[PDB]
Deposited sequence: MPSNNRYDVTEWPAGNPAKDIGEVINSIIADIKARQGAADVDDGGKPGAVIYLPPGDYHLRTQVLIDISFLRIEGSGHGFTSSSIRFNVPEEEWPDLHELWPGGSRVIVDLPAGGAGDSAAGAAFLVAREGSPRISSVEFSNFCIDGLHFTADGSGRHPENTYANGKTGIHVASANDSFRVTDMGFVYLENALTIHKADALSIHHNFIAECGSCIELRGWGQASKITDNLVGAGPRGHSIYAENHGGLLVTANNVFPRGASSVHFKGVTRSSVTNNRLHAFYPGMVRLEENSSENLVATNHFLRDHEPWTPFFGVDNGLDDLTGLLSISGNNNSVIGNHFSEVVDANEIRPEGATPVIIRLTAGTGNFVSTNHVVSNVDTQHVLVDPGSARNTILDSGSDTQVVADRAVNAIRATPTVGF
């Protein structure tokens, strides 16, 4: 009636047993009360669904097909289930707690069609685009990872077929803020996103964290703490224009930190990025006219012994930043590269920092590499030409055909 709901004060269902059913029942009530689209200049204002702190099992997928639905909690509730599951089991009764908390949605769905494994599915076809759905300040917990045939401990596979929030349909002005996501194969997957804001979340110990799929425009991913798994994405986007990725602190152990396919006229600037593997920032498949500026890159070795010898399958010639596209701008970045000579792959290679594999007119200027071994600060493959490379390394450190690229060596000594 006033469009405000509390999942613990809804007469149908029990949010401890199946919060999915409770929230779907609330959505049915909202639709039943908000049937008319144009009464007194309104009629479908949406609603807010509140999750007090608590442990809520979700056994039924929530389907969101209305605009202006806010689902909110009172705690992102993150704790490192990765650490706990790797603590010897005999010690567990002495730990102060074992599980995540906050306003906690435990995803008890089977694997899927990865969409069928999503705790929250936002889907609606026809017009207009579903708009201004808000997810705020709650926890989504996939609980366990499971055996995947790799022979790794089940809890270290980053595999369970669960998604936190999956948006399947064209959307406008969505927000995901202050969330906690933990132990999900995919935290947050949003297709066809316009003017989306993913802001100030904690998205960690998920196989993949943020994936923007299909296409999108004018969106932003800001002020997030992000940590993925070795076969997955930390931040991924495809066929986006005008995307802004800034003020994120991305820590291990994603396959990459930022991965673009067909992303144009976007900006990946002023992020702190830390990886245990090469291929931290990948601009692929005609990723063009992007600004990659004033980021702090750190690549070093996994120190945590349960994941020692786990990697993303990419060798040190890959580059920390790899670009396949035209007319990008790579300006003012810092690269710390820490590798041991005896584990450089392939054997005896000179690791590369910035690699230009294809495209023309890439402008690379004023980048500082600090490395414990010799590196190729910039490697321009013969398939990329007419690039401009300034103050990003000495002549030895910039491997490039001087006949078809403009190179200025950083002054030395």
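If you line the structure up with the deposited chain, the stretches without a C-alpha atom are 1-2, 115-117, 419-420.
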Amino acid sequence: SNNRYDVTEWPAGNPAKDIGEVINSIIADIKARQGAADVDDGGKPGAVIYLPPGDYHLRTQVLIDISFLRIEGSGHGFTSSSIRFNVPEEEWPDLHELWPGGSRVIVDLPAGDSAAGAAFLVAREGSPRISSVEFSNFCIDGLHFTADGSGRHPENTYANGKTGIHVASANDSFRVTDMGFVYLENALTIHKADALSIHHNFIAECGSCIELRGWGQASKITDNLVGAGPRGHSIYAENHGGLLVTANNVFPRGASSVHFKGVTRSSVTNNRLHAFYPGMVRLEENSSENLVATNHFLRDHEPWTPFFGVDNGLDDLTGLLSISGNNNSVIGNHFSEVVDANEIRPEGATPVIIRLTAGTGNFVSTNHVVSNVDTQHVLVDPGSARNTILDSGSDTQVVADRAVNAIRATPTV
From here on, numbers count along this sequence of modelled residues.
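We call the rigid core whatever largest set of C-alpha positions still superposes within 1.5 Å between the two forms.
Remark: when the other structures in 6 other deposited structures of this protein are fitted onto this one via the rigid core, 339-347 deviates more than the alternative among 339-347 and 136-144, judged by RMS CA distance. Compared with other deposited structures of the same protein, residue 113 meets the criterion of being unmodelled in at least one third of those that resolve residues on both sides. Here the stretch with the larger average CA B-factor, out of 62-70 and 33-41, is 33-41. Just going by the entry, 103-111 versus 162-170 on mean CA temperature factor gives the higher value to 103-111.
The entry lists C-alpha B-factors for 244, 139, 314, 258, and the highest of these is at 314.
The top Cα temperature factor in the record, among 134, 343, 194, 223, falls on 343. Placement of the Cα temperature factor of residue 96 within the chain: middle third of the modelled residues, per the deposited record.
Per the PDB record, residue ranking by Cα B-factor puts residue 286 in the highest third of the chain. Annotation for residue 180: CA B-factor lies in the lowest third of the chain's modelled residues. Per-chain ranking of the deposited C-alpha B factor places residue 201 in the lowest third. Sorting the modelled residues of the chain by their CA temperature factor places residue 150 in the highest third.
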